[PDB]
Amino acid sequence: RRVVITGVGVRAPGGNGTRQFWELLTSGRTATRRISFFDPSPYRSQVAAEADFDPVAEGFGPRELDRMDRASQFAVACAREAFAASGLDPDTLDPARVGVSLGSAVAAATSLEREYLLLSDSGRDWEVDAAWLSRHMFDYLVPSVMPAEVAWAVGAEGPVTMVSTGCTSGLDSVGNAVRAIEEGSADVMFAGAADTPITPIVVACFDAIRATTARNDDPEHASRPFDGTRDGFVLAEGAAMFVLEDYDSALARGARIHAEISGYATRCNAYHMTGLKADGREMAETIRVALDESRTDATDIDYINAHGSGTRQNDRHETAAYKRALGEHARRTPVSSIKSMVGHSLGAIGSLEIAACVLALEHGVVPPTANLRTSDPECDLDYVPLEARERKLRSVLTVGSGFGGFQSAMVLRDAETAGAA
């Protein structure tokens, strides 16, 4: 059974909603600035891509705001937006056939740090004081509440779960939902991801391994994937949600088919928890398998939404994987990293990337890799630097890499191409 996307919802830095989101990407401008959620002075990487979010304006009541972590607020806001755009009639829906697959790398990191200060008296006590125990503490300890929150918003009663595979969560959560619908475990799925990691503990853990950029003097150009002067990714927050359903059913109801997820696959490094080999062997195989399921030849790929975190090892890593899987076609296919503009929102980024591909497939414009000014010999492909590029897209590829060794890839094609499949 085939799965398609009928609705999209996005909450990215400088992109509240698909319109603004797309306006930002095609404009090539960035949303990476100096961190304002707290004082970055004590840390190495003091820049991040922060999303302008107003919970009250989104429609959350007092209990919901006091209850849910920032990441769940983003997820739910996106699920609602996707539900709305899908046009899927709530009344005709059978809750027992509606599921949820939410991805998240660090989940409630923000609420944990907030509560940690009250419990420990700002790090003074190991034996925390239960007198300052939040009534929601358990739900920050065990993030399961995130998928639940979304399920309650959309009326889901089918398979509901959280996929947490590091920086590939955004892709694996959608892939999981695709498998759910294909296997017949659900007819409608609300899938996507969200992460709100801009918090001291996360920044400090990335500084420890120097994974993030130390370029604090020029925040607007801090994220520079594939660039010769790159020195790490830029920490970001964000979320995106999609409405997925049976292909025939979406056609039958006359829904708008934003795209068909014709292929998805994931494999592991079995190499190192954060390190990567230059060969890109595993990712190549992942792309091969995804293409195999999709039945689409490598030469059909019209664009590749890269991982492109901006770290030395990563960018060079996937470049090798592309040439290994796409062969010569790798050199004659546009590749670009939206992280150059929205930063790396960890588990959320994969979903934002899927949303970006869907938007590209429709508008026929390939988003550029901003800040790409100095070329790197190890990254000798075409990364569409600085300016967007007009191009007819029918079949696109998107991949991601995450701590733990995870390598995932997904193939997205438009309705036109799907109907011809």
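When you see a residue number, it is the position in the sequence shown, counting from 1.
Between the stretches 282 to 290 and 144 to 152, it is 282 to 290 that shows the larger average CA temperature factor.
Stretches compared: 350 to 358, 380 to 388. Higher mean C-alpha B-factor in the entry: 380 to 388. The entry assigns its greatest Cα B factor, within the set 102, 255, 236, 130, to 255. Between the residues 275, 95, 175, 200, the entry's highest C-alpha temperature factor is the one at 275. When all modelled residues of the chain are sorted by CA temperature factor, residue 247 is found within the highest third. Among the modelled residues of its chain, residue 135 has a C-alpha B-factor that falls in the lowest third, as given in the PDB entry.
Split the chain's modelled residues into thirds by C-alpha temperature factor. Residue 183 is in the highest one. In the PDB entry, residue 330 places in the highest third of its chain by CA B-factor. Per the PDB record, residue ranking by Cα B-factor puts residue 66 in the middle third of the chain.
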